[PDB]
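Overview (structure and organization)
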Amino acid sequence: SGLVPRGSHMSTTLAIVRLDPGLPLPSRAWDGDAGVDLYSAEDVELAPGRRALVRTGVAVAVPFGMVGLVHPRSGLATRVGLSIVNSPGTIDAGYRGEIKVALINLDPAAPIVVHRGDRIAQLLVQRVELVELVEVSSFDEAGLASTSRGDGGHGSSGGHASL
Amino acid sequence: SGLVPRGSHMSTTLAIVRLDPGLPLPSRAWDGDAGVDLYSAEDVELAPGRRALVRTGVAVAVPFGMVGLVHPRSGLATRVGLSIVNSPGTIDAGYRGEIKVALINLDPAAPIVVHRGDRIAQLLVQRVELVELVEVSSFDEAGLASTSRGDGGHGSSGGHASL
Amino acid sequence: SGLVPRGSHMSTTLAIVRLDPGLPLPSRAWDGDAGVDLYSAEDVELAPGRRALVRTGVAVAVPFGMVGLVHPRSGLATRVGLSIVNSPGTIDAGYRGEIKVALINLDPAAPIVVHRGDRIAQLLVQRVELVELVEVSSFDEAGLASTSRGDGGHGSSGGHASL
Ligand SMILES: O=c1ccn([C@H]2C[C@H](O)[C@@H](COP(=O)(O)NP(=O)(O)OP(=O)(O)O)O2)c(=O)[nH]1
Ligand SMILES: O=c1ccn([C@H]2C[C@H](O)[C@@H](COP(=O)(O)NP(=O)(O)OP(=O)(O)O)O2)c(=O)[nH]1
Ligand SMILES: O=c1ccn([C@H]2C[C@H](O)[C@@H](COP(=O)(O)NP(=O)(O)OP(=O)(O)O)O2)c(=O)[nH]1
Ligand SMILES: [Mg+2]
Ligand SMILES: [Mg+2]
Ligand SMILES: [Mg+2]
């Protein structure tokens, strides 16, 4: 266990505080999984269309040059219509507060009951480009070549009757 | 074609099985596009507020150290209110099942009809940090410096009358 | 200021055009923040359940090999139920049009008023794998080893009463 394998030499460490020590540390369900599952610290009942800001019982220190991303779980999304209002939740490198999850019930009729200790979201960590904006008067002025896509967006490639 | 250009030497391959061989391979609409468009294998009609778990007809092997991400298309989102309940859908490196898309109709009044062969989502592949949690009693105890953001979140920087 | 610190040597530049020069350049709220906040160029009022495609007053040139990602802000999400229909919005490297934000009001009862100059979303820039699909008849045929997760998905790991 204690030996870092050569193919894991460069894997990143994430400092975590269990603000609620009664919950397990977040973990990957299976080897290779993109995220660690976040627990609810709280019981909450969401009627259709209602949202709540739910405590996870953890704080993390995302490294500088990275971002933490809070994603919904697919099973709850399909089974009961559970989603996250601000998905993907964007955890900044400087944030030292508790991670909170903005759960919302997108089912039209059935309430969702979350219990303390349920796994209600997943946390990924990725590098992010901390970009330096360069203001230009036009892309042409910036010596950028014309692109194939150009200003095409919002369904310009087709693929559905409404587009 | 067959020659990998020097600037593409390190581009990653993604093994894909067309579980439904009647659909085209997912493709980028234009050069440089972030994602390949996923097809619906199925006809489905979503009344306002309803969701479905839609088959794409594909399975992929996301490489270890990466994640597949299922995003909504912008044109359908604006034009008809189509969204994805668990967006961004998180495809794990170990997953060998069919990719499924949790479509939802967020329009209040008009149903959305999806036909087999429509492009209903897009799949991105990115590296992900497979983090090693390091539990600490406090960030200070971990020798982390105080940050500018501190525990500020959830609108702490302002920028709207409600914040 | 003008000196790039050694730890920022490789930070990426992003060309930006202020199509609406009356708005500030997007900025990070705090050092290390993952995204730059996008402004609304427009006044818009969203009744419950309504969406709009809102102009930000900017165009960017995301570098080839990268993607721009439009995420909701957490404070507005919780406080007033503001979300983005296609979140995370996927800005392609070839796109040279105006960035637009598909705001939606997920509150059941209270309208959301956005004013020109409000910060209504955040833009991240990340690398993306421009994948080369390799079609195979089965993962076994491709010499891929069996995985722990296998075809498990959509709540297969449990963690809620509904799963
Ligand atoms: O939030 C967004 C998302 C996309 N866009 C623009 C830039 C992007 O490159 C372009 C296409 O985005 P999508 O591929 O996500 N939407 P869709 O597939 O419907 O459009 P197209 O057919 O043009 O690819 O639309 C925005 O302005 N805001
Ligand atoms: O899902 C989330 C998203 C954010 N947060 C916290 C951590 C993040 O660094 C902080 C700010 O997130 P956003 O920038 O996405 N929201 P907003 O811009 O409204 O807040 P602020 O004004 O503080 O930047 O809120 C969560 O706890 N959960
Ligand atoms: O949009 C998606 C998201 C996930 N999936 C599949 C692949 C992924 O590896 C698997 C699990 O995804 P999540 O971890 O996001 N959902 P959940 O935690 O509910 O499932 P599990 O308990 O299996 O991890 O479900 C899809 O087919 N489409
Ligand atoms: Mg999972
Ligand atoms: Mg597209
Ligand atoms: Mg912010």
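In this document, residue positions are counted from 1 along each chain in sequence order, independent of how the entry numbers them, and residues without coordinates are left out. The order in which chains are written sets their letters, starting at A; the order in which ligands are written sets their numbers, starting at 1. To obtain the side-chain values, all non-hydrogen atoms of the structure were included, while hydrogens and water were left out. Residues with missing side-chain atoms are left out of burial classes, side-chain pairs and their counts.

The deposited coordinates for this entry were obtained by X-ray crystallography, with a reported resolution of 1.50 Å.

1. Quick look at the site of ligand 1
In the vicinity of ligand 1 there are 19 residues, among which A:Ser156, A:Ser157, B:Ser74, B:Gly75 and C:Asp92 approach most closely. Chain contributions to the surroundings of ligand 1 come from chains A, B and C. Nitrogen and oxygen atoms within 3.5 Å of one another constitute a polar contact, given that in protein one can donate a hydrogen and the other can accept it, and given that sequence-neighbouring residues count only through two side-chain atoms. A:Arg149 is positioned with one of its side-chain polar atoms (N or O) 2.8 Å from an oxygen atom of ligand 1. Measuring from an oxygen atom of ligand 1, one finds a side-chain N or O atom of B:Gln122 at 2.8 Å. Computed with a 1.4 Å probe, the accessible areas rest on the Shrake-Rupley method; for each residue, only the protein chains presented here act as cover. Protein chains bury 99% of the 570 Å² of accessible surface belonging to ligand 1 in isolation. Runs of E in the DSSP output that reach at least two residues are strands. Runs of H or I that reach at least four are helices, and both are numbered from the N terminus. Where the shell around ligand 1 is concerned, the elements lending two or more residues are α1 (74–80) of chain B together with β8 (89–91) of chain C. Tallying contributions element by element places β8(C) first for the shell around ligand 1, with 3 residues. In this classification, the charged set is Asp, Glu, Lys and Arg, the nonpolar set is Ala, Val, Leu, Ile, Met, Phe, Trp, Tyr, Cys and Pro, and all remaining amino acids, among them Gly, are polar. A class-by-class count of the residues in the shell around ligand 1 yields 3 nonpolar, 11 polar and 5 charged. One heavy atom within 4 Å of a molecule or strand makes the whole residue count as near it.

2. What to know about the interface of chain A and chain B
We call two residues in contact when some of their heavy atoms are within 4.5 Å. Chain A puts 56 residues into the contact, and the matching count from chain B is 51 residues. The set of elements that each furnish at least two residues to the side of chain A that touches chain B consists of β1 (13–18), β5 (58–61), β6 (66–71), α1 (74–80), β7 (82–84) and β11 (119–127) of chain A. Within the side of chain A that touches chain B, the residues separate by chemical class into 23 nonpolar, 22 polar and 11 charged. With 4 bridges connecting them, β1(A) and strand β12 (residues 132–135) of chain B associate as parallel partners. Note on pairing: two strands pair once DSSP finds at least 2 bridges between them.

3. Observations regarding unusual backbone geometry
All names here are of chain A. With omega at -5°, the peptide bond leading from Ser87 into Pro88 counts as cis. Within the secondary structure, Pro88 sits in the loop between β7 and β8 (89–91). Phi at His154 is positive, roughly 50°, even though this residue is not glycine. Locating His154 in the fold gives a position in the segment after β12 (132–135). The rule is simple: take the accessible area with a 1.4 Å probe, protein chains only, and divide by the maximum for that residue type; under 20% is buried, over 50% is exposed, in between is partly exposed. The class of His154 is partly exposed, set by a relative accessible area of 26%.

4. Comments concerning the relation of the copies chain C and chain B
With an RMSD of 0.0 Å, the operation that places chain C on chain B is a rotation of 120° combined with a shift of 0.0 Å along the axis. Such a turn and shift between the copies fits a three-fold axis. Alignment of the copies rests on a least-squares superposition of C-alpha atoms.

5. A closer look at the side chain of B:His71
As for its placement among the helices and strands, B:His71 is situated in strand β6 (residues 66–71). Side-chain polar atoms of B:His71 contact the side chain of C:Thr90, separated by 2.8 Å. Leaving out residues up to four positions away in the same chain, B:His71 has contacts with B:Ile84, B:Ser87, B:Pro88, B:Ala121, B:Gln122, B:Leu124, C:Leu69, C:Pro88 and C:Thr90.

6. A word on the environment of C:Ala15
All names here are of chain C. You can see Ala15 is positioned in strand β1 (residues 13–18). Judged by its relative accessible area of 15%, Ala15 is buried. Along the backbone, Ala15 and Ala59 are 44 residues apart, and their C-alpha atoms lie at a distance of 8.5 Å.

7. Remarks on the interface of chain C and chain B
With 51 residues of chain C at the interface, the matching set in chain B holds 56 residues. Secondary-structure elements contributing two or more residues to the side of chain C that touches chain B are β4 (51–55), β6 (66–71), α1 (74–80), β9 (100–105), β10 (112–114), β11 (119–127) and β12 (132–135) of chain C. Among the elements that make up the side of chain C that touches chain B, the one with the highest residue count is α1(C) (5 residues).

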